[PDB]
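Here the structure comes first, spelled out in structure tokens, and everything after it is commentary.
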Amino acid sequence: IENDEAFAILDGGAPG
Amino acid sequence: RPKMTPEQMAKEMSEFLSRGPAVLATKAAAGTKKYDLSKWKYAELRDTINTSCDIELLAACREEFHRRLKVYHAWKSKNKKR
Numbered sequence: 048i049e050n051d052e053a054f055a056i057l058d059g060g061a062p063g
Numbered sequence: 009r010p011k012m013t014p015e016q017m018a019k020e021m022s023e024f025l026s027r028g029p030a031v032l033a034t035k036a037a038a039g040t041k042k043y044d045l046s047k048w049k050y051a052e053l054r055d056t057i058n059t060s061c062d063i064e065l066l067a068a069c070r071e072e073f074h075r076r077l078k079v080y081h082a083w084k085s086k087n088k089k090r
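In the order they appear, the protein sequences are chains A and B. Under my numbering, the first residue of the first sequence is numbered 48, with each subsequent residue one higher. Under my numbering, the first residue of the second sequence is numbered 9, with each subsequent residue one higher.
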């Protein structure tokens, strides 16, 4: 969950 | 894929930014930020930068890395605090 969010931030450029 | 942890990816981004700093204080920033790189994967950006033959593109990737790193730090702040 949280780890996935961090990955998106540094991968998909997501806000988190 | 690199399968690198969030912290590991952030460290690499910082190293790239330090290696080739981009103030963008000049008007060169305009017309470059318009590029959409936030949709490019970390691995894709890494390869793009290495294969980048244009200064404008290089700056674009640097900008994406900085923005991505900023968001990452903010996210960690939320989980770490508040």
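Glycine included, each C-beta is placed from N, C-alpha and C at the ideal position.
Residue span of the alpha helix (DSSP H) that contains residue i, given as start and end
i	result
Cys-61(B)	Counting along the chain, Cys-61(B) falls outside any alpha helix (DSSP H), and DSSP gives it neither H nor E.
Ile-48(A)	Element bounds for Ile-48(A): n/a, residue is neither H nor E.
Pick from the options that is closest to residue i, judged by C-alpha positions
i	options	result
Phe-54(A)	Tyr-50(B), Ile-57(B) and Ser-26(B)	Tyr-50(B)
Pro-14(B)	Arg-76(B), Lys-35(B) and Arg-90(B)	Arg-76(B)
Residue i to residue j span [Cα, whole Å]
i	j	result
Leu-32(B)	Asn-50(A)	32 Å
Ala-82(B)	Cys-61(B)	32 Å
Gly-60(A)	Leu-65(B)	17 Å
Residue i, DSSP secondary structure in three states
i	result
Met-17(B)	helix
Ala-33(B)	coil
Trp-48(B)	coil
Give, in chain order, every residue of the stretch 57-69 of chain B whose Cβ lies closer than 9 Å to some Cβ of chain A.
none
According to a CB-to-CB cut-off of less than 8 Å, which residues of the stretch 72-86 of chain B neighbour chain A?
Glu-72, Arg-75, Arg-76, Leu-77, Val-79, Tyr-80, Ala-82, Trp-83, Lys-84 and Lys-86
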